[PDB]
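K.L.:
Enclosed is the structure file input_8.cif (mmCIF, C-alpha atoms and all ligand atoms).
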```
data_query
loop_
_atom_site.label_atom_id
_atom_site.label_comp_id
_atom_site.auth_asym_id
_atom_site.auth_seq_id
_atom_site.Cartn_x
_atom_site.Cartn_y
_atom_site.Cartn_z
CA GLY A 1 0.00 0.00 0.00
CA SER A 2 0.89 3.66 -0.48
CA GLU A 3 -0.83 4.83 2.75
CA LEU A 4 2.15 3.25 4.56
CA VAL A 5 4.78 5.08 2.48
CA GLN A 6 5.56 8.83 2.17
CA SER A 7 6.79 10.09 -1.15
CA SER A 8 6.18 13.86 -1.09
CA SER A 9 7.53 16.87 0.82
CA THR A 10 6.98 20.63 0.81
CA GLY A 11 10.64 20.81 -0.23
CA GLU A 12 11.30 23.02 2.77
CA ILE A 13 13.08 22.13 6.00
CA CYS A 14 11.16 23.16 9.11
CA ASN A 15 13.03 25.17 11.72
CA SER A 16 11.18 23.55 14.63
CA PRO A 17 11.57 21.76 16.90
CA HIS A 18 15.20 20.92 16.02
CA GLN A 19 17.94 23.56 16.19
CA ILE A 20 19.11 23.93 12.60
CA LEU A 21 22.21 25.85 11.52
CA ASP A 22 22.45 26.97 7.90
CA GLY A 23 26.10 27.06 6.83
CA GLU A 24 25.50 29.27 3.80
CA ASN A 25 28.99 29.81 2.25
CA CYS A 26 30.71 27.83 5.04
CA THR A 27 31.47 24.16 5.65
CA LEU A 28 31.56 22.86 9.21
CA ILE A 29 35.32 22.46 9.01
CA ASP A 30 35.78 26.11 8.02
CA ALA A 31 33.59 27.32 10.90
CA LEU A 32 35.77 25.19 13.17
CA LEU A 33 39.17 26.45 12.00
CA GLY A 34 37.86 30.00 11.82
CA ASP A 35 37.65 30.96 8.16
CA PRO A 36 36.78 34.68 8.01
CA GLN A 37 33.31 34.20 6.40
CA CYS A 38 32.47 31.96 9.32
CA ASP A 39 33.07 34.27 12.28
CA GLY A 40 29.38 34.36 13.19
CA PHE A 41 29.44 30.63 13.82
CA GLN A 42 31.77 31.00 16.79
CA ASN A 43 30.60 29.05 19.84
CA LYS A 44 27.30 28.08 18.19
CA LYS A 45 25.40 24.89 19.11
CA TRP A 46 22.97 22.87 17.03
CA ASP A 47 21.05 19.61 16.64
CA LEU A 48 21.44 19.64 12.84
CA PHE A 49 24.01 21.44 10.66
CA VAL A 50 23.17 21.90 6.95
CA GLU A 51 26.02 22.12 4.39
CA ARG A 52 25.39 23.79 1.00
CA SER A 53 26.77 22.91 -2.44
CA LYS A 54 27.90 26.50 -3.02
CA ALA A 55 30.23 26.34 0.00
CA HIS A 56 33.74 27.56 -0.72
CA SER A 57 36.82 28.09 1.46
CA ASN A 58 38.41 31.53 1.17
CA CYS A 59 41.51 31.36 3.38
CA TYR A 60 44.89 29.56 3.38
CA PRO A 61 44.95 26.50 1.13
CA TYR A 62 44.62 23.51 3.45
CA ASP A 63 43.82 19.79 3.45
CA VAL A 64 42.50 17.49 6.22
CA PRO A 65 43.86 13.90 5.79
CA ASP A 66 41.07 12.45 7.93
CA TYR A 67 38.40 14.94 6.82
CA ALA A 68 35.31 12.75 7.09
CA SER A 69 36.14 11.43 10.54
CA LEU A 70 36.71 14.99 11.93
CA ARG A 71 33.63 16.46 10.21
CA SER A 72 31.65 13.58 11.74
CA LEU A 73 33.16 13.86 15.25
CA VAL A 74 32.32 17.58 15.60
CA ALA A 75 28.94 16.83 14.02
CA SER A 76 27.79 14.45 16.76
CA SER A 77 29.15 16.74 19.44
CA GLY A 78 27.06 19.66 18.20
CA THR A 79 29.01 22.59 19.68
CA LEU A 80 31.74 25.08 18.81
CA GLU A 81 32.43 26.19 22.37
CA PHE A 82 36.09 27.13 22.14
CA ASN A 83 38.33 28.05 25.05
CA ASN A 84 41.42 30.25 24.71
CA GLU A 85 44.51 29.09 26.59
CA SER A 86 47.83 30.57 27.62
CA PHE A 87 50.47 28.47 25.96
CA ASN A 88 54.06 29.42 26.71
CA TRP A 89 55.09 30.74 23.28
CA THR A 90 58.58 32.02 24.04
CA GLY A 91 61.29 32.37 21.44
CA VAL A 92 58.89 32.67 18.56
CA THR A 93 56.79 35.30 16.77
CA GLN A 94 53.06 34.87 16.93
CA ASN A 95 50.07 35.62 14.77
CA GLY A 96 51.46 35.09 11.30
CA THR A 97 49.06 36.26 8.60
CA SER A 98 48.52 35.86 4.84
CA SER A 99 47.07 37.81 1.93
CA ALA A 100 45.15 34.60 1.18
CA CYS A 101 43.03 34.87 4.36
CA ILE A 102 41.39 38.30 4.25
CA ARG A 103 39.50 39.72 7.23
CA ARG A 104 38.17 43.30 7.20
CA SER A 105 40.36 43.81 4.11
CA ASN A 106 43.49 43.06 6.21
CA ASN A 107 45.74 40.00 5.87
CA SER A 108 44.69 37.48 8.54
CA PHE A 109 44.54 33.76 9.27
CA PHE A 110 42.21 31.10 10.66
CA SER A 111 40.74 32.60 13.83
CA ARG A 112 41.47 29.54 15.95
CA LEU A 113 45.03 28.79 14.82
CA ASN A 114 48.34 30.47 15.59
CA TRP A 115 51.02 30.70 12.94
CA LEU A 116 54.43 30.80 14.64
CA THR A 117 57.58 32.12 12.89
CA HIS A 118 61.18 32.73 13.98
CA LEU A 119 62.12 35.51 16.44
CA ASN A 120 65.48 37.22 15.90
CA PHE A 121 66.43 34.40 13.50
CA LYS A 122 66.02 31.64 16.05
CA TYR A 123 63.29 29.06 16.45
CA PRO A 124 64.00 27.08 19.60
CA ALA A 125 62.97 23.45 19.99
CA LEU A 126 59.54 23.86 21.51
CA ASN A 127 58.72 21.67 24.50
CA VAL A 128 55.38 23.04 25.59
CA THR A 129 52.74 21.27 27.68
CA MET A 130 49.10 21.86 28.43
CA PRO A 131 47.46 19.63 31.05
CA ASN A 132 43.82 18.66 31.15
CA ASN A 133 42.92 19.09 34.80
CA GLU A 134 39.30 19.66 33.85
CA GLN A 135 36.49 17.15 34.09
CA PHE A 136 35.81 16.88 30.39
CA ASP A 137 37.83 15.99 27.32
CA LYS A 138 39.60 18.70 25.35
CA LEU A 139 39.64 18.79 21.55
CA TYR A 140 42.75 20.49 20.10
CA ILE A 141 43.06 21.44 16.43
CA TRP A 142 46.52 22.07 14.98
CA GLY A 143 48.30 21.96 11.63
CA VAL A 144 51.60 21.58 9.79
CA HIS A 145 52.79 24.12 7.20
CA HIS A 146 54.21 23.06 3.84
CA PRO A 147 56.03 26.01 2.22
CA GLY A 148 56.35 26.22 -1.55
CA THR A 149 60.09 26.80 -1.63
CA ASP A 150 63.19 26.41 0.51
CA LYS A 151 63.56 30.20 0.45
CA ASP A 152 60.21 30.46 2.26
CA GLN A 153 61.12 27.69 4.73
CA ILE A 154 64.22 29.61 5.89
CA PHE A 155 62.35 32.93 5.89
CA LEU A 156 59.66 31.57 8.19
CA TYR A 157 61.48 29.17 10.49
CA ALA A 158 65.22 29.96 10.09
CA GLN A 159 66.11 26.26 9.62
CA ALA A 160 65.35 23.28 7.37
CA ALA A 161 62.14 21.34 7.97
CA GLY A 162 62.07 18.86 10.86
CA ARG A 163 59.61 16.49 12.54
CA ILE A 164 56.56 17.75 14.42
CA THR A 165 55.44 15.47 17.21
CA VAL A 166 52.14 15.81 19.00
CA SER A 167 51.78 13.18 21.70
CA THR A 168 49.85 12.42 24.86
CA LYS A 169 50.24 9.57 27.35
CA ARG A 170 47.82 7.53 25.19
CA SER A 171 49.04 8.44 21.68
CA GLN A 172 51.67 10.07 19.48
CA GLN A 173 51.30 11.80 16.12
CA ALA A 174 54.29 12.69 14.01
CA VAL A 175 54.32 14.64 10.76
CA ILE A 176 57.16 15.55 8.41
CA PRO A 177 56.66 18.90 6.61
CA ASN A 178 57.27 18.67 2.88
CA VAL A 179 58.76 21.63 1.10
CA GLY A 180 57.28 21.59 -2.39
CA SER A 181 55.31 23.86 -4.69
CA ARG A 182 51.75 22.61 -5.20
CA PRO A 183 49.51 24.43 -7.75
CA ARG A 184 48.67 27.99 -6.71
CA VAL A 185 45.42 28.66 -4.86
CA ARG A 186 44.71 32.34 -4.09
CA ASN A 187 48.32 32.84 -5.24
CA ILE A 188 49.59 30.30 -2.65
CA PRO A 189 51.78 27.30 -3.62
CA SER A 190 52.15 26.44 0.05
CA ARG A 191 49.64 24.28 1.95
CA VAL A 192 48.53 23.56 5.50
CA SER A 193 47.65 20.05 6.70
CA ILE A 194 45.16 19.82 9.55
CA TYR A 195 45.40 17.21 12.30
CA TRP A 196 43.53 16.81 15.58
CA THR A 197 44.11 15.36 19.03
CA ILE A 198 41.77 14.65 21.95
CA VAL A 199 43.10 15.01 25.53
CA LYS A 200 41.42 13.08 28.36
CA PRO A 201 41.37 14.43 31.94
CA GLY A 202 44.59 13.75 33.83
CA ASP A 203 46.21 13.39 30.41
CA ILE A 204 48.48 16.09 29.00
CA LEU A 205 49.14 17.78 25.65
CA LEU A 206 52.77 17.76 24.52
CA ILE A 207 54.02 19.59 21.45
CA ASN A 208 57.50 19.10 19.99
CA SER A 209 58.52 21.34 17.09
CA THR A 210 61.43 23.02 15.31
CA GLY A 211 59.21 24.98 12.88
CA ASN A 212 56.29 24.53 10.46
CA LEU A 213 53.92 24.30 13.45
CA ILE A 214 50.52 25.91 13.18
CA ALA A 215 49.50 26.08 16.76
CA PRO A 216 46.12 25.96 18.49
CA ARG A 217 44.91 28.86 20.57
CA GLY A 218 42.95 26.46 22.77
CA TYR A 219 40.37 23.68 22.67
CA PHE A 220 36.85 22.85 21.62
CA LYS A 221 34.57 20.86 23.94
CA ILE A 222 33.65 17.47 22.59
CA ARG A 223 30.28 16.04 23.23
CA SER A 224 29.07 13.13 21.17
CA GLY A 225 26.38 13.23 21.69
CA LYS A 226 23.73 12.97 19.02
CA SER A 227 23.74 15.82 16.58
CA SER A 228 24.41 15.61 12.91
CA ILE A 229 25.07 17.07 9.44
CA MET A 230 23.25 16.76 6.15
CA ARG A 231 24.38 17.89 2.69
CA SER A 232 21.38 19.67 1.21
CA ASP A 233 20.49 22.63 -0.97
CA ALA A 234 16.95 22.66 0.41
CA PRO A 235 15.52 26.03 1.57
CA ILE A 236 14.32 26.69 5.12
CA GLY A 237 10.81 27.84 6.06
CA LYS A 238 8.83 28.43 9.24
CA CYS A 239 7.06 25.26 10.37
CA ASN A 240 7.16 22.30 12.74
CA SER A 241 8.24 18.76 11.77
CA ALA A 242 10.17 16.03 13.58
CA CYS A 243 11.70 14.39 10.51
CA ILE A 244 14.06 16.16 8.04
CA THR A 245 15.49 14.89 4.75
CA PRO A 246 17.90 16.39 2.15
CA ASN A 247 14.82 16.85 -0.05
CA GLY A 248 12.97 18.60 2.79
CA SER A 249 11.07 17.87 6.01
CA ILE A 250 8.33 15.18 6.12
CA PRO A 251 5.74 14.09 8.69
CA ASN A 252 6.32 11.07 10.97
CA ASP A 253 3.13 9.09 10.66
CA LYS A 254 3.70 6.38 8.08
CA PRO A 255 5.89 3.36 8.87
CA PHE A 256 7.88 3.83 5.66
CA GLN A 257 9.35 6.55 3.41
CA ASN A 258 10.98 6.56 -0.06
CA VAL A 259 12.25 10.13 -0.38
CA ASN A 260 15.83 9.58 0.89
CA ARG A 261 18.02 7.30 3.09
CA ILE A 262 19.41 10.06 5.33
CA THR A 263 17.17 11.49 8.06
CA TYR A 264 17.38 13.18 11.48
CA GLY A 265 14.78 12.87 14.22
CA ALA A 266 11.76 10.56 14.56
CA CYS A 267 11.34 9.13 11.07
CA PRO A 268 9.87 6.25 8.99
CA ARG A 269 12.04 3.35 7.78
CA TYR A 270 13.43 3.97 4.29
CA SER A 271 11.82 1.53 1.81
CA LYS A 272 12.31 2.23 -1.91
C1 LIG B 301 29.05 33.79 -0.59
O1 LIG B 301 30.03 33.60 -1.60
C2 LIG B 301 30.04 34.54 -2.65
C3 LIG B 301 31.09 34.14 -3.69
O2 LIG B 301 32.30 34.85 -3.52
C4 LIG B 301 30.26 35.96 -2.13
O3 LIG B 301 29.99 36.90 -3.16
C5 LIG B 301 29.36 36.27 -0.93
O4 LIG B 301 29.82 37.45 -0.30
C6 LIG B 301 29.33 35.13 0.08
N1 LIG B 301 28.34 35.38 1.12
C7 LIG B 301 28.65 35.99 2.26
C8 LIG B 301 28.07 37.36 2.44
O5 LIG B 301 29.36 35.49 3.14
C1 LIG B 302 58.23 29.55 29.08
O1 LIG B 302 59.37 28.82 28.59
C2 LIG B 302 60.65 29.18 29.10
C3 LIG B 302 61.72 28.23 28.58
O2 LIG B 302 61.30 26.88 28.63
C4 LIG B 302 60.64 29.24 30.63
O3 LIG B 302 61.91 29.58 31.13
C5 LIG B 302 59.60 30.25 31.09
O4 LIG B 302 59.56 30.33 32.49
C6 LIG B 302 58.23 29.80 30.59
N1 LIG B 302 57.20 30.76 30.96
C7 LIG B 302 56.16 30.37 31.69
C8 LIG B 302 55.16 31.42 32.10
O5 LIG B 302 56.00 29.20 32.03
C1 LIG B 303 47.61 37.33 18.47
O1 LIG B 303 46.31 37.47 17.93
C2 LIG B 303 45.26 37.46 18.89
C3 LIG B 303 43.94 37.56 18.13
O2 LIG B 303 44.18 37.26 16.77
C4 LIG B 303 45.45 38.60 19.90
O3 LIG B 303 44.41 38.59 20.86
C5 LIG B 303 46.80 38.45 20.59
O4 LIG B 303 47.04 39.58 21.40
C6 LIG B 303 47.92 38.35 19.56
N1 LIG B 303 49.18 38.02 20.21
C7 LIG B 303 50.25 38.82 20.09
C8 LIG B 303 51.40 38.54 21.01
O5 LIG B 303 50.31 39.73 19.27
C1 LIG B 304 60.55 15.66 20.20
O1 LIG B 304 60.89 15.31 18.85
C2 LIG B 304 62.24 15.16 18.45
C3 LIG B 304 62.32 14.41 17.12
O2 LIG B 304 61.95 13.05 17.26
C4 LIG B 304 63.07 14.48 19.54
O3 LIG B 304 64.40 14.30 19.11
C5 LIG B 304 62.99 15.33 20.81
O4 LIG B 304 63.83 14.81 21.82
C6 LIG B 304 61.55 15.33 21.30
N1 LIG B 304 61.38 16.26 22.41
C7 LIG B 304 60.96 15.87 23.61
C8 LIG B 304 60.11 16.83 24.40
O5 LIG B 304 61.24 14.77 24.09
#
```
Hey, can you dump this file as structure tokens for me?

P.N.:
Amino acid sequence: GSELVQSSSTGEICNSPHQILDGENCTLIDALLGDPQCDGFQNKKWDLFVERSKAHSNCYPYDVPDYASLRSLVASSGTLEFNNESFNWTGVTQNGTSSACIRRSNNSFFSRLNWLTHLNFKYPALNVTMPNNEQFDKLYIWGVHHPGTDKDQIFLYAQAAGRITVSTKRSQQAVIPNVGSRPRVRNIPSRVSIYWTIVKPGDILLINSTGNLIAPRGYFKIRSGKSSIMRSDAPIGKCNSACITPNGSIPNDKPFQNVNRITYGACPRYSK
């Protein structure tokens, strides 16, 4: 029967009763790192985050090796509560900026990251620690910088590229920066690779670096938690509905549904 299956929708997503966050030009990852279009998303919370097909990044060219996993982690958690922290950044210059990441017409950078360069032509071996003495877990986002040329590498860090090691008592992550010119993006042949690390209470964050480090300014709180993300170009209207799809919201009364596999909230079984 067809009275058991739902096939239609208004085409709109209803803004109630689930907290929906429309990304517009921004991906979740960009709102996390702090891309300048995405400054309004700071410390926002949500039950469902909606990515758009038109989304574009407009900052430093970067890649995230474990993109999906990170995008999914932060998704479930459903918060961007960030906390600034006082790292001991001695011996280095802070707040590097780029003409590729524009903010108020001035060269800037990802709001949540800290680009360290040499100070007086020295870049000491960093041995900096940040303990989690809190009750909850801390989520730290950091990166490694891959300059286009050796000339840039010496300009920025005053020595050749060496290993970056981010470890805790439970794990260790080690990256080797790779000097090499990758195709220009926003006139930038350099790249940044994004990595992440979770620190449990009583555990400690340990950073080891001789350059190429793109440092965190602090941590996000990690829930997880049942929130989510859906890729959809569907418009948003004012209404109430418990079940949302990428083709729009639908009512939750039939046992089945053939509009789309992906749903959030109290929904029918997909059938087809
Ligand atoms: C969305 O992206 C377009 C393309 O560059 C841009 O013109 C527009 O300003 C962006 N929207 C806003 C206001 O963030
Ligand atoms: C930061 O690092 C230096 C060298 O390791 C140390 O001597 C200094 O006391 C530190 N500053 C703070 C506030 O811990
Ligand atoms: C670095 O930038 C942040 C905000 O971008 C600012 O609050 C801080 O004072 C800056 N640090 C230094 C030492 O300039
Ligand atoms: C961190 O990394 C380097 C390269 O492996 C290592 O030689 C150095 O001793 C380490 N620093 C600390 C804090 O042990």

K.L.:
Which one is closest to ligand LIG 303 (chain B): A:58, A:105, A:16, A:97? Count only C-alpha atoms and all ligand atoms.

P.N.:
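The shortest atom-to-atom distance to ligand LIG 303 (chain B) comes from A:97.
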
K.L.:
Can you build me a table of chain A residues sitting at most 12 Å from ligand LIG 303 (chain B), with the closest atom pair per residue and its distance in Å to one decimal, using all atoms listed in the file, sorted by chain and residue number, as a Markdown table?

P.N.:
```
| residue | atom | partner | partner_atom | distance |
| --- | --- | --- | --- | --- |
| A:34 | CA | B:LIG303 | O2 | 10.8 |
| A:36 | CA | B:LIG303 | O2 | 11.8 |
| A:84 | CA | B:LIG303 | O3 | 9.7 |
| A:85 | CA | B:LIG303 | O3 | 11.1 |
| A:86 | CA | B:LIG303 | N1 | 10.6 |
| A:87 | CA | B:LIG303 | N1 | 11.2 |
| A:88 | CA | B:LIG303 | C8 | 11.1 |
| A:89 | CA | B:LIG303 | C8 | 8.9 |
| A:90 | CA | B:LIG303 | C8 | 10.2 |
| A:91 | CA | B:LIG303 | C8 | 11.7 |
| A:92 | CA | B:LIG303 | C8 | 9.8 |
| A:93 | CA | B:LIG303 | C8 | 7.6 |
| A:94 | CA | B:LIG303 | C8 | 5.7 |
| A:95 | CA | B:LIG303 | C1 | 4.8 |
| A:96 | CA | B:LIG303 | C1 | 8.4 |
| A:97 | CA | B:LIG303 | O2 | 9.6 |
| A:103 | CA | B:LIG303 | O2 | 10.9 |
| A:107 | CA | B:LIG303 | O2 | 11.3 |
| A:108 | CA | B:LIG303 | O2 | 8.2 |
| A:109 | CA | B:LIG303 | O2 | 8.3 |
| A:110 | CA | B:LIG303 | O2 | 8.9 |
| A:111 | CA | B:LIG303 | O2 | 6.5 |
| A:112 | CA | B:LIG303 | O2 | 8.2 |
| A:113 | CA | B:LIG303 | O2 | 8.7 |
| A:114 | CA | B:LIG303 | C1 | 7.5 |
| A:115 | CA | B:LIG303 | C1 | 9.3 |
| A:116 | CA | B:LIG303 | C1 | 10.2 |
| A:215 | CA | B:LIG303 | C1 | 11.5 |
| A:216 | CA | B:LIG303 | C1 | 11.5 |
| A:217 | CA | B:LIG303 | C2 | 8.8 |
| A:218 | CA | B:LIG303 | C2 | 11.9 |
```

K.L.:
Which residues, written as a count of residues only, have at least one atom at most 7 Å from residue 164 in chain A, with only C-alpha atoms counted and residues fewer than 3 positions away on the same chain left out?

P.N.:
5

K.L.:
Counting only C-alpha atoms and all ligand atoms, which protein, DNA or RNA residues come within 8 Å of ligand LIG 304 (chain B), given as a short mmCIF file (atom, residue, chain, number, x, y, z; two decimals) with C-alpha atoms, in the frame of the given file?

P.N.:
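Okay, this is what ended up in out_19.cif:
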```cif
data_model
loop_
_atom_site.label_atom_id
_atom_site.label_comp_id
_atom_site.auth_asym_id
_atom_site.auth_seq_id
_atom_site.Cartn_x
_atom_site.Cartn_y
_atom_site.Cartn_z
CA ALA A 125 62.97 23.45 19.99
CA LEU A 126 59.54 23.86 21.51
CA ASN A 127 58.72 21.67 24.50
CA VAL A 128 55.38 23.04 25.59
CA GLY A 162 62.07 18.86 10.86
CA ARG A 163 59.61 16.49 12.54
CA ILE A 164 56.56 17.75 14.42
CA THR A 165 55.44 15.47 17.21
CA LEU A 206 52.77 17.76 24.52
CA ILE A 207 54.02 19.59 21.45
CA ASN A 208 57.50 19.10 19.99
CA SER A 209 58.52 21.34 17.09
#
```

K.L.:
Show me which residues sit within 9 Å of ligand LIG 301 (chain B) when counting all atoms listed in the file, and put them as a PyMOL selection string.

P.N.:
chain A and resi 24-26+36-38+54-56+58

K.L.:
Find the residue from A:232, A:178, A:187, A:153 that sits nearest to residue 100 in chain A; use only C-alpha atoms when measuring.

P.N.:
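Once distances to residue 100 in chain A are computed over only C-alpha atoms, the minimum belongs to A:187.
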
K.L.:
One decimal, Å: what's the distance from CA of residue 12 in chain A over to CA of residue 240 in chain A, could you say?

P.N.:
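So the answer is 10.8 Å.
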
K.L.:
If I take CA of residue 247 in chain A and CA of residue 11 in chain A, how far is one from the other in Å, to one decimal?

P.N.:
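Calculated distance between CA of residue 247 in chain A and CA of residue 11 in chain A is 5.8 Å.
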
K.L.:
Could you check how far CA of residue 33 in chain A sits from CA of residue 71 in chain A, in Å to one decimal?

P.N.:
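Spanning CA of residue 33 in chain A to CA of residue 71 in chain A is a straight-line distance of 11.6 Å.
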
K.L.:
For range 63-69 of chain A, list every protein, DNA or RNA residue within 7 Å, evaluated using all atoms listed in the file, and leave out those in the same chain fewer than 5 positions away; present the list as a count of residues only.

P.N.:
4

K.L.:
Residues near residue 237 in chain A, anyone? I mean within 8 Å using all atoms listed in the file, not counting same-chain ones fewer than 4 positions away, as a ChimeraX atom specification.

P.N.:
/A:12-15
